[PDB]
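Notes follow once the structure below has been shown.
Only the coordinates and a few stated rules stand behind these numbers; no lab work does. So basically every Cβ, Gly included, is an ideal-geometry build from the backbone, and we count neighbours across all protein chains shown.
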Amino acid sequence: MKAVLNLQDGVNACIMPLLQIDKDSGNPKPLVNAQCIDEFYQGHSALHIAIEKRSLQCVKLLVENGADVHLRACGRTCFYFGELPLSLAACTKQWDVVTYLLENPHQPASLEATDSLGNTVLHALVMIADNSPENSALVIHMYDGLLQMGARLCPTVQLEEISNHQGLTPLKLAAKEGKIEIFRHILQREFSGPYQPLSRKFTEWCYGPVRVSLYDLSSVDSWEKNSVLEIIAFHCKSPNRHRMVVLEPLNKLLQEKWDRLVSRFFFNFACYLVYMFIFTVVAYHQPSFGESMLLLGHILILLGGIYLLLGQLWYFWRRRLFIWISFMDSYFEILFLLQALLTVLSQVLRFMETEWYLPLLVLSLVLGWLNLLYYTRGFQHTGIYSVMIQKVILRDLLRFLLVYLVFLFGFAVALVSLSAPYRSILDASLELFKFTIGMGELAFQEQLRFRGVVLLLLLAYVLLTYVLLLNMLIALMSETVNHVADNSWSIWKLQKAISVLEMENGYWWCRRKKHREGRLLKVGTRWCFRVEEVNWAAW
Amino acid sequence: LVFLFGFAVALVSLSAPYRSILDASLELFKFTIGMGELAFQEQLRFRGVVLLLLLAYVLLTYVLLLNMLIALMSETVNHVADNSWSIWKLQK
């Protein structure tokens, strides 16, 4: 290794005696496939050094002498290249080296090898990719080159259908990690010519600016498990998961599924409005002819609460297991579960005959209408700007409230201790808050117990609560006036995609079957989806 | 409107507002102009929870108004660049 590890071009002249000095002399164990044991470069060996040095004669000589090509480096900020000499050559843009490594170097390398994680060269190229305009060209060029060469060498195996150790493929791995640049290229691979079979888009006809294409569909949820549509929507922690859903193969597919399931959305909306009206009417007409209807209303409310609780439970601990929270996009499922639990908790007290049921029955009424805003997503385009909520209030408003509560309680305790409350601090605490939203009461105590000393301290609480509000407003404005983007269409489309993917399964009591999109077309010896596209940017 | 009606009917059902819904709706709306009451009375059996409902109502109203103001500011930022004189000329 130290002989190879050099920067001079002439150091290849000293390995010539060493080739046969150790080869034909003892060495029960092999001579050249030695690996480092430093626990950070376990398996680095000597071939990796030769390949990394941008050298071609050294790697030729080592392979000729009998070096092993299937040697993996383990250990190790790390540099992940695929843990294989072929993957290392591919990732470093060495066409001459990679061609020789698998064409005929004696004991040729395999294009379908693993690296103890299930990844192959195609997985490694996707994983190291980037959204930068420079790396994308290299990744696409090498991916296409290796794909073309695989058919030339071994056309009996599909390199792009080899599963990872997590059940993933390069197409799905590019979607989970968020590599949009290599994802879009894979979805729209043309390859017109002798390499037509290894393509995914088959243009049908073109006339003027109009084109008609047939996209291949290995990314449809129906008749598939762990499909690309679920990975891009559920098992994806990336900020660009919304920009990967407006691509041409997916946009029309989601639109034709949303148009099919738009009646059930409003049917559920109506079935929820009727339930809320009945609940409000029953709650208003408290017991403290018409006596028979009250029992029926209570039974209906209990049944509705049980149904909602069962639905939310089946959603949580039976389908979206291993949620891992990530980012709280399920902002309304928790509220639905809370309302469903509170309703049944309030209604179960009839057997207990406890007067404490009245407050809870009120709370379920407050959340119910508050949950009605959930359905404001399919109603026209309403919801494109409704997503301007819960942007930073999850973080900024939390700190604002934490500071405000401390500044409230400290001043309240100070006012109580200094002094017109007598023994209770609740009165002063509520008066301090009423001084903000309402009118309040500003006076010199009760002209007793010294008095007047407490007034000077009150002049600072108002200033603090004013400046905190000003800072919060400034932060909110500075997060909106600048950094403003028209990327709302993508957010609304992602919300509609999630809703469509949820409604496709059906209800927990009547599991509806699946429906496959596209027709079983054939292009040569393949389900396809026809998309028209009009673009007046010709030339 | 739906927020105000839901809170008013909840407060009416809980027994601070009193009697019917229209007067309760007036009491809830009065908080928006600036004047409000938070004494929550003392003869009410279910006190405290009324205070929680009022706090939730005022917080929701404030956040809704802030979001509306932000949307108005964002909209006015866009179409202010070079359309002041032309509209007046078209009206003339």
> Considering only A:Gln312, A:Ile21, A:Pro421, whose Cα is most displaced toward the positive end of the charge dipole of chain A, charges sitting on Cβ of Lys, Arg (+1) and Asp, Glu (-1)?
Replying inline: A:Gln312
> How would you order A:146-156, A:333-343, A:506-516 from highest to lowest mean count of nearby Cβ atoms within 10 Å?
Replying inline: A:333-343, A:146-156, A:506-516
>> On a straight-distance basis, which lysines could pair with A:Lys496 in a cross-link, Cα separation under 16 angstrom, same-chain partners fewer than 8 positions away excluded?
In response: A:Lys252, A:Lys257
> Per residue of A:487-494, how many C-beta atoms from partner chains lie within 10 Å of its own C-beta, taken as a mean?
Replying inline: 0
> Going toward the positive end of the dipole of chain B, with +1 on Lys and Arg Cβ and -1 on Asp and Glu Cβ, which of B:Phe3, B:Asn67, B:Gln43 do you reach last?
Replying inline: B:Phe3
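Within 10 Å of each Cβ in A:354-361, how many Cβ atoms from other chains are there, averaged over the peptide?
Whole-number average of other-chain Cβ neighbours for A:354-361 is 3.
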>> Positive end of the dipole of the protein assembly as shown, charges at C-beta (+1 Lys, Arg; -1 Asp, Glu), about the Cα centre: which of A:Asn505, A:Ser55, A:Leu273 has its Cα farthest in that direction?
In response: A:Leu273
>> Given all pairs of different Cα atoms, what value in angstroms does the Kirkwood hydrodynamic radius of the stretch A:1-156 take?
In response: 16.7 Å
>> Around A:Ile323, under 11 Å between beta carbons, what's the net of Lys plus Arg minus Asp minus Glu among the other residues?
In response: 0
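Classify the stretch A:348-489: rounded, prolate or oblate, from the alpha-carbon gyration tensor (a ≥ b ≥ c, eigenvalue square roots; a/c under 1.5 rounded; otherwise prolate if a/b is larger than b/c)? Walk me through the numbers before you get to the answer.
Numbers: a/c = 3.51, a/b = 1.36, b/c = 2.58.
Oblate shape, in that a/c is at least 1.5 and b/c is the bigger or equal ratio.
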>> If packing is taken as the average number of other Cβ atoms within 10 Å across a peptide's residues, how do A:434-443, A:478-487 rank, most packed first?
In response: A:434-443, A:478-487
> Within straight cross-link reach of A:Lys225, meaning Cα distance under 20 Å, which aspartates and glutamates are found once same-chain residues fewer than 8 apart are removed?
Replying inline: A:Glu160, A:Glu161, A:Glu177, A:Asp216, A:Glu502, A:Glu504, A:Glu517
> Got a sec? How would A:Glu353, A:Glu502 order by Cβ neighbour count within 10 Å, fewest to most?
Replying inline: A:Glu353, A:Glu502
> In debye to the nearest 20, how big a dipole does the stretch A:156-246 give about its Cα centre with +1 on each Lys and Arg Cβ and -1 on each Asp and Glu Cβ?
Replying inline: 320 debye
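To make sure I understand, if each residue's beta carbon is the centre and we count other beta carbons within 10 Å, what order do A:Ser488, A:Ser45, A:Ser116 fall in, fewest to most?
By the 10 Å Cβ count, ascending, the order reads A:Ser116, A:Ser488, A:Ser45.
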>> For a protection proxy built on the mean count of beta-carbon atoms within 10 angstrom, sort A:106-113, A:420-427 highest first, please.
In response: A:106-113, A:420-427
>> If you only keep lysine pairs separated by 8 or more in sequence, or across chains, how many in the stretch A:1-138 come under 19 Å at the Cα atoms?
In response: 6
> Percent relative contact order of the stretch A:179-269, based on C-alpha pairs within less than 8 angstrom and at least six residues apart?
Replying inline: 16 percent
> What does the charge add up to near A:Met477, with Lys and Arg as +1, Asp and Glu as -1, over the other residues with Cβ less than 15 Å from its Cβ?
Replying inline: -2
> Where a Cα-Cα gap under 13 Å defines reach, which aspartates and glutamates qualify for A:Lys179, not counting those fewer than 8 residues away within the same chain?
Replying inline: A:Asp130
> Dipole size in debye (nearest 20) for the stretch A:62-185 around its Cα centre, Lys and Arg Cβ +1, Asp and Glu Cβ -1?
Replying inline: 280 debye
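With a/c under 1.5 counting as rounded, go ahead and sort the stretch A:332-418 into rounded, prolate or oblate using the C-alpha gyration tensor (a ≥ b ≥ c being the square roots of the eigenvalues; past the cut-off, prolate if a/b is larger than b/c, else oblate). Numbers along the way, then the final one.
Numbers: a/c = 3.54, a/b = 1.10, b/c = 3.22.
Judged from the Cα gyration tensor, the stretch A:332-418 comes out oblate (a/c at least 1.5, b/c at or above a/b).
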> Suppose every K and R has +1 on its Cβ and every D and E has -1 on its Cβ; what is the size of the dipole of chain A about the Cα centre, in Debye to the nearest 20?
Replying inline: 880 debye
